[PDB]
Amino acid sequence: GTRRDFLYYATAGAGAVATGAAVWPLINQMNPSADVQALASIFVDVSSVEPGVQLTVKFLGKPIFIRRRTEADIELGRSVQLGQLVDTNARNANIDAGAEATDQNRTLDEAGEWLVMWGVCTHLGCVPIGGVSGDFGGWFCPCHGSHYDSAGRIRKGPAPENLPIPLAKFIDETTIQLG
């Protein structure tokens, strides 16, 4: 009848719920525990950095590059036209999401001297090698051969995007606040 079949549905429906209630916590325990910080904030002293020096700093378990760019680095970055870039988005947390990847939109200052970005290859997360490496006067990722230029923009290789720029701002003349 109609009252007979209702038991076999209600029982099976309850059984289905019980499996789901047990499986979700077995998955969610692998999600970040309460001791894990998603975002944080720190301050970096930069007065000792001459042009041509890259400072590498740990932030959320990953490297952040703070390079005081030379004259050559700045000139090369500005000479690249937007249409010659793999990724034309600035990837800059400090400005609008739709901003273009011009060298001006890749630095913290108007002079374009301070390049602050995640030293995390956008391919699969290795640390690109700086010191003017690669074929575009920037960084070379030794893991699968991505080349970034002097503004940290991806130019060659498997990596899909420019190295991201975190929230970063000078709190005073000589100190950058990340986050």
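The first residue of the shown sequence is 1; numbering continues from there.
Mean C-alpha B-factor is higher over 32 to 40 than over the other stretch, the pair under comparison being 32 to 40 and 127 to 135.
For the pair 159 to 167 and 6 to 14, the record assigns the higher mean C-alpha temperature factor to 6 to 14. Highest CA B-factor among the listed residues (70, 47, 54, 146): 47.
Within the listed group 112, 142, 119, 152, the record reports its top CA B-factor for 112.
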